[PDB]
Amino acid sequence: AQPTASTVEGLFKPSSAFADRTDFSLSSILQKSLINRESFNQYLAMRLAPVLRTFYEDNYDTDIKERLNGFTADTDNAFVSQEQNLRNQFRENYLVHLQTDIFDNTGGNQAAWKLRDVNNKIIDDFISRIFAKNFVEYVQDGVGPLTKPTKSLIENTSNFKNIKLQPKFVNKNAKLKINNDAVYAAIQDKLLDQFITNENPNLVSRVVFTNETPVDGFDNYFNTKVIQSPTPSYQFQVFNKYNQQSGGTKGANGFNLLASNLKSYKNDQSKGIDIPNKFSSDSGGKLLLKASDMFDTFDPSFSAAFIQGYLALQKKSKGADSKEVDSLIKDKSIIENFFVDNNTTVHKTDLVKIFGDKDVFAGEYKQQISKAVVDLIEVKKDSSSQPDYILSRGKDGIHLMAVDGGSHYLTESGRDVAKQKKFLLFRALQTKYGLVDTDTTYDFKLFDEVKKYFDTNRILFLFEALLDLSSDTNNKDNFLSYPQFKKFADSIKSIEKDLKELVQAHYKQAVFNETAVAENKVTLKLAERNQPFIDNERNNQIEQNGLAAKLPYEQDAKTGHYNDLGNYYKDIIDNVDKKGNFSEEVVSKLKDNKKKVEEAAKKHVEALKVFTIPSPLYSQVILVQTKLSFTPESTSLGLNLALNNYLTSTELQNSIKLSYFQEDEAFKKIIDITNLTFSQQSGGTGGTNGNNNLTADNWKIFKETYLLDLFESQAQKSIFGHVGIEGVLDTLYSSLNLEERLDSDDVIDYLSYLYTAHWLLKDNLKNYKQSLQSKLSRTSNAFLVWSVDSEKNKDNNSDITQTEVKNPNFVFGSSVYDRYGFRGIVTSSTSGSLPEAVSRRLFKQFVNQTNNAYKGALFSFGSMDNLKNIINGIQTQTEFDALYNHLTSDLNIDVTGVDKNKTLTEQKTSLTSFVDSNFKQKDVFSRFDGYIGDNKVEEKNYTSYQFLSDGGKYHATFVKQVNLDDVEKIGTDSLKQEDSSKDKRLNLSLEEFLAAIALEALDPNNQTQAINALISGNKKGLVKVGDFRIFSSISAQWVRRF
């Protein structure tokens, strides 16, 4: 089957270089690919599974020996099937697509496919068999591990040292068929420790008393006249009071059976805390609150309360009240514990002051709630002791939680990961032999949890575990010293000097990435939980809150981060740092490790001596190769796979777009693209001369406008802190880690906006003039509007349009507890951002029926003869219809003698005659620069301005008039700092003009035009690409084939 010539001519032609820039060379593209997490893991698979091939090779078991032969046979059969189906599908040109859509993604060779699928099969099998057995044991000396250790033997802190995750019949000095378990128990105890290290997986024994529908009746608690038809939930939380007659063990009865003897559920020998299942409404028991999905799989009020207990052990918990076990309110309902004293810290929801002079509660709630209200309190055995039990109410009722072993492996110095691993191994041993108490059930499988967390990094984590295994030369009891695994442990030894410098950094940064991702969920989900209690206050439904209480956790005004809740993850990044506020520490140690990955990847690619192999027949990729590696073929294919992932990735596309910015010398004079810092600092480097004459602060306002446009699109706007907005904006900017991520969408969009802002600023605003001309019109007034919403209407003459509206629409939380308004040049056709009230007052009700009220109405024409030159310019009937309606229904100018029945000539003739005979010079053509509301006044006379009124709300609006008589007048002298040149920029100041230009730059049409200018205005032309994976990845608007 000779392939047809059409596809052969039409297929991509591989070249010597991937692209034609100084950052797209082999030594740079391979380094960047090895820094890409997904690409790096695709490489590590091919550099890690050759290590695990040796274990299958020297293994005693006949089955494991035959696994390699079976994998090769299955690979041959799969190749036969692939060839058969490709032939039956493509016929004439099947070989071309066999090399194109299969081999290129695989390594570019027939044997490349077999070295991919076999090398993945063996690593998958080795991954499965690590966790195929349970090895948590209490090891006795001279008889081996006891088949069933006794309860009193293992439930001791001093006896934790004997729970070491060791196999049963493994002898170092013997060739045992099942000696391979000595491998897994060594790797598992490594992987498990990673699980103990990164996830910080504390166990919590918790009891939840679900929300109770009150048989007493909600009217007793929450009156219907204010709260109609309550439903059992957090906001209306009620439990039937404790009665001794009914023989119940849940609700207040369960809380009485529980809190009376609360001190007796901590097994002080084991330091663990075990609370009975029957005392909880659900199945009850213990849950694993690891760092990753504890704010995902469970309620935020639950996970955050567990964190509060976590730091309560470590004397780091803040904001919560403390009361002893004996002080618990068990006779009354449970909620009475939370009505804490108000007289004079602890963050208490004083609902008496919150609801003001409105009756929201009734009966016992009204009498109690005076007395503040909280959500979480700390209950402890003794006044001198530290809080071991935490009581908090969430979505599904009130939970009493206690971390078990917290006094053991969590102290003021931080988390003790060795003790934590020992304690969780003790719990896993408890579950292994059914040695738990009869009144509790262990829904706790540590091996399943470590397997599920480790399976995310199925390649990096296993490789790092092996490296740390071979990094411990002082421990002679590992499987490395077993003569059965002498060469296998040598294979792990042949990968330290080569890759470990890179893999340690990659692991230490990926774990930090996951830790930052998980700790972002803290401030994300706490805000999500607090969202309805802000919605209620927004909708004037504050009374719906009822029993809603603010959590004790403090937030950062300057950062928008929960510091104490971040300590739970700081106790992770302080552990992965030693391997080999949390916000500041992680932001420092992510860049200090990203530079380490840069260095390690560059050294690894250097030491590999990478050269480009010529591509095979019908190939469309630029493959690479190496020879300075322990297994040259697998390392070459690993680099091939890492490249196949990076070239198709959006990181390389954003790198190409980054290079297009690199080329533009005009833009690079004002920015430092790699540094993402505005250039020229502050001085005379190019200052002052034409061609975008402005400072570097003059670009900070463009950046701030971009940040505000991004902030307005945020799903939640309180995850970034609060007061004003100049701080929240830089916090949002930091949150993007743009300088740490130069090959992201978040940076190409930022730079696209920045060159949109410059492409309106260059050539003496040659494109800003065009945008304004195509936006403005002569028959419609245009304004620069500073419109603020005043919920209250009016020397006590402070301007309210220049006073910052902190927390507008309650966007930075709630106020009661814990020159602005600019819209740019807004016209009638584009008045979406303006409120309908002010937009109608400007572009449809300029001169209301209630003098200077006509000033600026026909300023859209600017001069006397201008509207005369436009009225006779009408050719058709509808053209005059629009003008007449605008002059009457919009510009409210009285018309005399006009007739609809007139012909085309007389139609315009009557209007021209009446315009001339009515305006034979009321400052109608003057420029209106002042306040518009219920009345109209100038800027100077703010003492006589009536705010616009609409639907009970008020608006304060400043408008500066803009016509085409100043759109054309912006030119070379438009960016000068001088005040006398303000007429050269729409009679604006420089800052106002640049803010308007930035708002114009946010236009998608402006950005598209400026980006096409960037690509077309390239000194070297469009970037060429020699690899198809770089051509298909990014659109032809940026890259061209050779």
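Residues numbered from 1 in each chain as written, not as in the entry; some residues may be left out. Part of a larger assembly, values for the part shown. Heavy atoms only, no water.

(A) Inspection of the overall build of the protein at higher detail. Tallying secondary structure elements over the protein gives 36 helices and 20 strands in all. Expressed as lengths along the three principal axes of its C-alpha atoms, the size of the protein is roughly 120 × 90 × 60 Å. The burial tally for the protein puts 53% of its 1042 residues in the buried class. Element-wise, carbon and sulfur atoms account for 46% of the exposed surface of the protein, whose accessible area totals about 45,000 Å². Distance between charge centroids for the protein: 3 Å, based on 127 positive and 136 negative side chains. (Helix = DSSP H or I, 4+ residues; strand = E, 2+ residues; numbered from the N terminus. Buried < 20%, exposed > 50% of the residue type's maximum accessible area, 1.4 Å probe, protein only. Areas by Shrake-Rupley, 256 points an atom, 1.4 Å probe, with all protein chains shown as cover. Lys, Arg positive; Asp, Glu negative; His and termini not counted. Charge placed at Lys NZ, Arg CZ, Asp CG, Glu CD.)

(B) Structural view of the sheet that holds strand β9 (residues 389-394). Read across the sheet, six strands follow the order β6-β3-β10-β9-β8-β7 without closing on themselves; strand pairing throughout is mixed. Whereas interior strands pair on both sides, the edge strands pair on one side only; in this sheet they are β6 (285-289) and β7 (321-324). Between one strand and the next, the sheet's axes are offset by a mean angle of 30 degrees, whatever the strand orientation. With five bridges connecting them, β9 and strand β10 (residues 397-403) associate as antiparallel partners. Each residue of the ladder has a partner; that of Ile390, found in β10, is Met401. Strand contacts of helix α10 (residues 251-259): β3 (202-209), β9 and β10, with the helix running at about 130 degrees to β3, the strand carrying the most contacts. In the packing of helix α11 (residues 300-313) onto the sheet, contacts are made with β3, β6, β8 (376-380), β9 and β10, and the angle to β9 comes to roughly 160 degrees. (Pairing = 2+ DSSP bridges. Axes fitted to C-alpha atoms, helices over the stretch in contact; angles between N-to-C directions. Contact = heavy atoms within 4.5 Å.)

(C) Representation of the pattern of salt bridges. One pass over the structure, following the stated rule, counts 40 salt bridges. In this structure, the salt-bridge partner of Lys133 is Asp181, at a minimum N-O distance of 3.2 Å. Residue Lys133 is found in the loop between α6 (110-130) and β1 (139-140), and its partner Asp181 is found in helix α8 (residues 181-198); the two are separated by 48 residues along the sequence. Between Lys579 and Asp468 there is a salt bridge; the shortest N-O distance is 3.8 Å. Placement of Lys579 in the loop between α20 (563-576) and α21 (582-608) and of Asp468 in helix α17 (residues 460-471) is noted, with a sequence separation of 111 residues between them. As far as burial versus exposure is concerned, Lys579 and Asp468 are alike and both buried. By sharing partners, the salt bridges in this structure join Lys508, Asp577, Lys578 and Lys589 into a single network. (Salt bridge = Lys/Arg side-chain N within 4 Å of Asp/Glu carboxyl O.)

(D) Spotlight on α21. Here α21 contains 27 residues, and its C-alpha end-to-end distance of 37 Å stays within 8% of the 39 Å for a straight helix at 1.5 Å per residue. Where α21 is concerned, the buried positions are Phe582, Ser583, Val586, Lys589, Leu590, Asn593, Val597, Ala600, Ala601, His604, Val605 and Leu608. Its buried side turned inward, α21 meets α2 (26-35), α3 (37-58), α19 (496-538), α20 and α22 (632-648). At the C-terminal side of α21, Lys609 shows a positive phi close to 50 degrees. (Expected span 1.5 Å × (residues − 1).)

(E) Up close: the pairing of β10. The buried fraction of β10 is high, at seven of seven residues. Connecting the antiparallel pair β9 and β10 is a turn made up of two residues.

(F) Broad picture of the pairing of strand β13 (residues 782-790). Most of β13 is tucked away: eight of the nine residues are buried. Direction of pairing for β13 relative to strand β18 (residues 953-962): antiparallel, over a ladder of nine bridges. Opposite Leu784, over in β18, you have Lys960 as the bridge partner. Where β13 lies against strand β14 (residues 822-826), three bridges are found, and the strand directions are antiparallel.

(G) The packing of α11 against α20, seen in detail. Packing of α11 against α20 leaves a shortest axis separation of 9 Å and a crossing angle of 70 degrees. Relative to α20, the element α11 is oriented roughly perpendicular. Of α20, the residues touching α11 (which contributes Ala304, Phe306, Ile307, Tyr310 and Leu311) are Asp564, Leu565, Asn567, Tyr568, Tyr569 and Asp571. Looking at side-chain class alone, the contact of α11 with α20 contains eight nonpolar, one polar and two charged residues. (Parallel < 35°, antiparallel > 145°, perpendicular 65-115°, else oblique. Nonpolar A, V, L, I, M, F, W, Y, C, P; charged D, E, K, R; others polar.)

(H) Quick look at the environment of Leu258. Take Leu258: it is sitting in helix α10. Exposure remark for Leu258: the relative accessible area of 0% places this residue in the buried category. On a C-alpha basis, the gap between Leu258 and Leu34 in space is 56 Å, while along the polypeptide they are 224 residues apart. In this structure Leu258 touches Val207, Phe209, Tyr265, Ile275, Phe279 and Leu400, once residues within four positions along its chain are discounted.

(I) Here's a closer look at the packing of aromatic side chains. Tallied over the entire structure, the rule returns 59 aromatic pairs. Arranged with centres 5.5 Å apart and planes meeting at 65 degrees, the rings of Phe461 and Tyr507 form a pair that is edge-to-face. Here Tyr507 lies in helix α19 and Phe461 lies in helix α17, a separation of 46 residues in the sequence. Given the relative accessible area of 0%, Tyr507 is considered buried. (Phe/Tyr/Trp six-rings, centres within 6.5 Å; stacked < 30°, edge-to-face > 60°.)

(J) Looking closely at helix α34 (residues 990-1001). Its 12 residues place the ends of α34 16 Å apart at the C-alpha level, agreeing with the 16 Å of an ideal helix rising 1.5 Å per residue. With nine of its 12 residues buried, α34 lies for the most part within the structure. Contact partners of the buried residues in α34: α25 (697-712), α27 (745-759), α28 (766-775), β13, β14 and α35 (1004-1016).

(K) Here's a closer look at the nonpolar core. Residues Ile187, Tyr569 and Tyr768 are the most contacted members of the largest nonpolar core, which totals 224 residues. In terms of residue count, the dominant contributor to this core is α19 (13 residues). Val207, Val340, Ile377 and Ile542 belong to the second largest nonpolar core, which has 50 residues in total. (Core = buried A, V, L, I, M, F, W, Y, C linked by side-chain atoms within 4.5 Å.)

(L) Up close: the packing of α19 against α21. Interhelical geometry of α19 versus α21 gives an angle of 150 degrees and a closest axis separation of 9 Å. It follows from the interaxial angle that α19 and α21 lie roughly antiparallel. Relative to α21, the crossing made by α19 is left-handed. Partitioned by chemical class, the residues of the contact of α19 with α21 number 11 nonpolar, six polar and seven charged. (Left-handed = near helix turned anticlockwise from the far one by under 90°.)

(M) Seen up close, unusual backbone geometry. In this structure, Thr688 follows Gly687 across a cis peptide bond, with omega equal to 0 degrees. Examined against the element boundaries, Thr688 turns out to sit in the loop between α24 (665-668) and α25. At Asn809, a position not held by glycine, the phi torsion is positive, near 60 degrees. Among the structural elements, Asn809 can be located in the loop between β13 and β14. Take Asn809: its relative accessible area is 62%, and that puts it in the exposed class. Non-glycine residue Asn892 carries a positive phi angle of around 45 degrees. In this fold, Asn892 is placed in the loop between α31 (877-890) and α32 (904-918). For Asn892, a relative accessible area of 27% puts it in the partly exposed group.

(N) Representation of the environment of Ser6 in the model. Structurally, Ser6 can be placed in helix α1 (residues 5-10). Separated by 87 residues in the primary sequence, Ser6 and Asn93 place their C-alpha atoms 10.0 Å from one another.

(O) Structural detail: the side chain of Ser780. Of note, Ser780 is situated in the loop between α28 and β13. For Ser780, a relative accessible area of 14% translates into the label buried. Of the polar contacts made by the side chain of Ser780, one reaches the side chain of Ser828; its length is 2.8 Å. Setting aside anything within four residues of it in sequence, one finds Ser780 in contact with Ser828, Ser860 and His886. (Polar contact = N/O pair within 3.5 Å; in protein donor to acceptor, adjacent residues only side chain to side chain.)

(P) Spatial organisation of the environment of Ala73. Position of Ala73 among the secondary structure elements: in helix α4 (residues 62-90). Separated by 45 residues in the primary sequence, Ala73 and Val118 place their C-alpha atoms 9.8 Å from one another.

(Q) Representation of the side chain of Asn767. On the secondary structure map, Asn767 appears in helix α28. Polar contacts involving the side chain of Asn767 include one to the main-chain carbonyl oxygen of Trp759, which spans 3.3 Å. Those residues in contact with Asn767, other than ones at most four positions away along the chain, are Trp759 and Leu760.

Distances and angles like these do not, on their own, reveal function.
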